[PDB]
Structure formats: C-alpha cells, structure tokens
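I have placed the structure first, in the form of structure tokens, so that the comments after it can refer back to it.
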Amino acid sequence: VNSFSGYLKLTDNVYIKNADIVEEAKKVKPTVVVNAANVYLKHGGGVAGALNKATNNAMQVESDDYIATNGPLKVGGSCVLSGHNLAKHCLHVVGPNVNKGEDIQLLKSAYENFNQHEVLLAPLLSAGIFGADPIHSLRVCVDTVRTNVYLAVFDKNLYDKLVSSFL
Ligand SMILES: Nc1cnc2ccccc2c1
C-alpha cells in the first residue's frame with residue numbers, strides 16, 4: 001500500500017491523475033519525483049520551472065553545482081539529486097524536445113530511467129512545452145516502465161483525452 005490517492009489505474013503498474021505535480025509532491029512527499037529536465041538542468045519553465053519555483057530556487061542552485069562538476073546530461077539520460085521540500089529525491093530525466101529537433105525514439109530511453117526506482121511521481125516525458133504528442137508519451141510510458149509510476153497531468157482537458165483514448 002502507498003499514499004497516492006485519486007488515481008485511475010491504467011495497467012498493472014501505471015496510474016494517472018489530473019493534478020499539479022507540485023501540489024501532489026507537497027502532499028505525498030514521495031521517495032522520487034521526476035523532473036522534465038533539459039541537458040543543462042536550466043529549470044526555467046514547464047514542470048522544471050514549477051518544481052524549481054516551489055523549492056525557492058534551491059533546485060537550480062544544486063543543479064548548477066552538478067553541471068559545473070559533471071557537464072550536461074544526455075538526451076534520454078538522467079541524474080538523481082535532492083527532492084528538497086517536495087520529495088526525498090528528484091530524478092531529473094531529459095526527454096527529447098521536439099521544438100529543438102531531437103529524435104523522438106529517445107523517449108523510450110528517457111522512460112527506461114524510471115525502472116531504476118520502485119515507485120515514482122512523474123509527468124509525461126516530452127509532453128507540454130517539449131512538443132511531443134502526450135498520447136504517444138503515455139503509450140511509451142506504459143510499454144517501457146515496469147516499476148510503479150503515478151502520472152500527474154496538469155491540463156484537465158488533456159487528462160480526459162488521455163484516459164478516453166487509452167488502449
Ligand atoms: N503550477 C504549475 C505551473 N506550471 C506548470 C507547467 C507544466 C507542468 C506543471 C505546472 C504546474
């Protein structure tokens with residue numbers, strides 16, 4: 001049993017809810033929250049900006065030190081950093097950004113990072129401002145992630161379309 005409430009069950013391991021991931025993280029304090037990161041860990045907008053704002057910029061300060069030491073992530077890659085006030089850990093995952101011309105085949109590699117964690121609170125990778133089709137992102141999630149994933153969708157209209165269209 002876990003603390004996640006109000007989710008619709010899509011598969012054995014994938015759950016979905018219309019929710020603000022920031023407000024969900026604050027309530028649950030999950031072991032892992034996933035950030036929709038870029039390779040520079042520059043958290044300016046979208047999920048990254050919303051989570052960073054909720055940490056009072058502490059996520060960005062930590063991230064800048066990580067990049068100064070290690071250099072940029074790979075598209076499809078990840079790193080584990082602090083969850084600050086939101087979670088124990090934040091898994092920063094880089095999905096391909098279609099608005100930068102990145103290979104959408106890298107979305108499966110991105111979701112494979114989730115398999116290193118038994119339970120996660122996450123957004124749909126590459127969806128929203130990353131420019132991918134969220135329906136596609138949910139299909140790749142279900143077909144790639146084997147661990148237990150609780151997906152938060154910010155848009156109510158999109159949530160209803162994701163559920164209604166789910167095969
Ligand atoms: N409170 C907010 C604001 N913006 C967001 C943008 C993308 C995903 C979630 C968000 C949550």
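Labeling convention for the structure tokens: chains A, B, ... as they appear, residues from 1 per chain, ligands from 1 in order of appearance.
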Contacts between ligand 1 and chain A, please, where a residue of chain A counts if it comes within 7 Å (with only C-alpha atoms and all ligand atoms); show its shortest atom pair and distance in Å to one decimal, rows by chain and ascending number, as CSV.
```
residue,atom,partner,partner_atom_place_in_ligand_line,distance
A:20,CA,ligand 1,11 (C),5.2
A:21,CA,ligand 1,9 (C),6.1
A:22,CA,ligand 1,11 (C),6.2
A:45,CA,ligand 1,6 (C),6.6
A:46,CA,ligand 1,7 (C),3.6
A:47,CA,ligand 1,8 (C),3.9
A:50,CA,ligand 1,3 (C),4.9
A:128,CA,ligand 1,7 (C),6.8
A:154,CA,ligand 1,9 (C),5.2
```
Selection: 12 Å around residue 23 in chain A, only C-alpha atoms, excl. self and same-chain fewer than 2 positions, as a PDB file with C-alpha atoms, in the first residue's frame:
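Saved file result-v9.pdb follows:
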```pdb
ATOM      1  CA  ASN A  18      -5.406  15.286 -13.204  1.00  0.00           C
ATOM      2  CA  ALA A  19      -3.134  17.099 -10.758  1.00  0.00           C
ATOM      3  CA  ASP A  20      -0.495  19.784 -10.356  1.00  0.00           C
ATOM      4  CA  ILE A  21       2.705  17.736  -9.761  1.00  0.00           C
ATOM      5  CA  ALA A  25       4.589  16.275  -4.371  1.00  0.00           C
ATOM      6  CA  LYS A  26       3.950  18.654  -1.444  1.00  0.00           C
ATOM      7  CA  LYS A  27       1.065  16.412  -0.185  1.00  0.00           C
ATOM      8  CA  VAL A  28       2.609  12.913  -0.751  1.00  0.00           C
ATOM      9  CA  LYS A  29       6.368  13.624  -0.208  1.00  0.00           C
ATOM     10  CA  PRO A  30       7.148  10.693  -2.492  1.00  0.00           C
ATOM     11  CA  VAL A  33       9.539  12.999  -8.043  1.00  0.00           C
ATOM     12  CA  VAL A  47       7.381  21.068 -14.942  1.00  0.00           C
ATOM     13  CA  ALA A  50       7.168  24.872 -11.478  1.00  0.00           C
ATOM     14  CA  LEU A  51       9.116  22.386  -9.296  1.00  0.00           C
ATOM     15  CA  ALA A  54       8.365  25.508  -5.326  1.00  0.00           C
ATOM     16  CA  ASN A  85      10.860  20.184   0.170  1.00  0.00           C
ATOM     17  CA  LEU A  86       8.981  18.148  -2.464  1.00  0.00           C
ATOM     18  CA  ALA A  87      10.307  14.558  -2.214  1.00  0.00           C
ATOM     19  CA  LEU A 121       5.553  10.530  -9.119  1.00  0.00           C
ATOM     20  CA  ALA A 152       0.268  13.793 -12.839  1.00  0.00           C
ATOM     21  CA  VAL A 153      -1.259  15.652 -15.825  1.00  0.00           C
ATOM     22  CA  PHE A 154      -1.574  19.467 -15.322  1.00  0.00           C
TER      23      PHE A 154
END
```
Next item on the list: Considering only C-alpha atoms, state which residue in the set A:75, A:90, A:138, A:106 is at the smallest distance from residue 166 in chain A.
Entry: A:138
Item checked: Who sits within 8 Å of residue 113 in chain A, only C-alpha atoms, same chain under 5 positions skipped, as JSON, numbers by chain -> {"A": [77, 78, 93]}
Using C-alpha atoms, can you export the residues from the last selection as a PDB file, in the first residue's frame?
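Saved file again.pdb follows:
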```pdb
ATOM      1  CA  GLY A  77      19.555  10.400 -19.670  1.00  0.00           C
ATOM      2  CA  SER A  78      19.004  11.334 -16.032  1.00  0.00           C
ATOM      3  CA  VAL A  93      15.044  12.994 -16.786  1.00  0.00           C
TER       4      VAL A  93
END
```
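By only C-alpha atoms, and with residues fewer than 3 positions from residue 48 in chain A along its chain excluded, the set lying at most 7 Å from it is residues 35, 36, 37, 43, 44, 45, 51 and 52 of chain A.
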Check: Pick from A:8, A:167, A:67, A:80: nearest to residue 117 in chain A, with only C-alpha atoms counted?
Finding: A:80
Next item on the list: Would you list, as number ranges by chain, the residues of range 29-61 of chain A that end up in strand (DSSP E) under DSSP run on this structure's backbone?
Entry: A: 32-36
Take the selection from the previous step and output its residues with N, CA and C atoms, as a CSV table (one decimal), in the first residue's frame.
```csv
chain,number,residue,atom,x,y,z
A,32,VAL,N,10.5,9.6,-4.8
A,32,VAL,CA,11.0,10.1,-6.1
A,32,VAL,C,10.0,10.9,-6.8
A,33,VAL,N,10.3,12.2,-7.1
A,33,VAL,CA,9.5,13.0,-8.0
A,33,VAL,C,10.4,13.1,-9.3
A,34,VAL,N,9.8,12.9,-10.4
A,34,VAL,CA,10.6,13.1,-11.7
A,34,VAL,C,10.4,14.6,-12.2
A,35,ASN,N,11.5,15.2,-12.6
A,35,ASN,CA,11.5,16.5,-13.3
A,35,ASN,C,11.7,16.3,-14.8
A,36,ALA,N,10.9,17.0,-15.5
A,36,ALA,CA,11.1,17.2,-17.0
A,36,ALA,C,12.2,18.1,-17.3
```
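Using only C-alpha atoms, the nearest neighbour of residue 79 in chain A within the list A:116, A:164, A:105, A:126 is A:116.
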Next item on the list: Could you give me, as JSON, numbers by chain, the residues within 9 Å of residue 104 in chain A, counting only C-alpha atoms and dropping anything in the same chain fewer than 5 positions from it?
Entry: {"A": [95, 96, 97, 98, 126, 132]}
